[PDB]
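Given as structure tokens, the chain that follows is alone and in the form deposited in one PDB entry.
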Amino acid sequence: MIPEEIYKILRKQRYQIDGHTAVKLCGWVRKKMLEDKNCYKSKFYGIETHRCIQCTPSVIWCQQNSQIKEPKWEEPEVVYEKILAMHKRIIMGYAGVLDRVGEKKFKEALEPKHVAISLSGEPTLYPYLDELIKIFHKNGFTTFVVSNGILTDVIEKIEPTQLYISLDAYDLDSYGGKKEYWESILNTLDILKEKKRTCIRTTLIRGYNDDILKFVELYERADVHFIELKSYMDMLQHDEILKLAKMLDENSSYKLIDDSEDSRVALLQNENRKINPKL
């Protein structure tokens, strides 16, 4: 169901695939199992690294960024089982190091508690996203979803534990891309303040996104809970990420509260809608 050329690029990325769905074990998972080390997910939000699933219901289908037409989306309950089963397979690999990992951590990994729907493509294109999220919630999972915000309608209804909107551009022109899309993204932004828990993530790149203060108008407009400034990976270095985070902090309502060198990412918090980043 996927061009053998794209596939070999995904497998090379350690992607597990099944139909229009994919899952990948966060590179930080081994570090947790063996070295007992935690990732920025554990640092920013209190999520158990080894009990987190990274996935996506739409592997290679996304509007912005493509000649491949959308597939026959499978029902939510089947997407759910495919994700859990694919994650299980990777975690099965740790069976051979049980004497290193320990039965406690292995058992905990065989029973994930969090799921990040941010692996690849645009999650909202999957028509049964909302039901899928509700299913994960029904089974004890907290949910994090990342979206380009183009499909305002789908966002307004989904109720994940945390919703992310990736906003790598600050205006019509800076946005390839089509202006109609950006017209949809703005509406979405205007509704975000209504949701339980939001965050805008921006991946900056030299001479491309650096002018951080350019986002302030939108960041203030969106009026979200958190801002995540991340180094795309000439790629910005942590200190450059921290400095930029400082400028933002001194020119908006969002204040710097955390960061993670290992992942080159800074977390800012809406001074007006302060919620604990810890789940």
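The first residue of the shown sequence is 1; numbering continues from there. Rigid core (definition): largest C-alpha set, two forms, superposition within 1.5 Å.
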property	result
Between neighbours residue 234 and residue 233, residues that the deposited sequence lists but the model omits	10 or more
Deposited residues lacking coordinates between residue 175 and residue 176 (none, 1 to 3, 4 to 9, 10 or more)	4 to 9
Of 72 to 80 and 117 to 125, the stretch whose C-alpha atoms average the higher B-factor in the entry	72 to 80
224 to 232 versus 207 to 215 - greater average Cα B-factor per the deposited record	207 to 215
Criterion, highest CA B-factor; candidates, 159, 108, 180, 99	180
Selection by C-alpha B-factor (highest) of 154, 90, 200, 146	154
CA B-factor ranking of residue 186, expressed as a third of its chain	highest
Third assignment of residue 150 from its chain's C-alpha B-factors	middle
Position of residue 167 among the chain's modelled residues by C-alpha B-factor, lowest, middle or highest third	middle
Cα B factor band for residue 30 (lowest, middle or highest third within the chain)	highest
Assigned third (lowest, middle, highest) for the C-alpha B factor of residue 274	middle
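What comes next is about the form deposited in another entry, which does not appear here.
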{"property": "Flag for residue 9, CA shift 2 Å or larger between the shown form and the other one after aligning core", "result": "yes"}
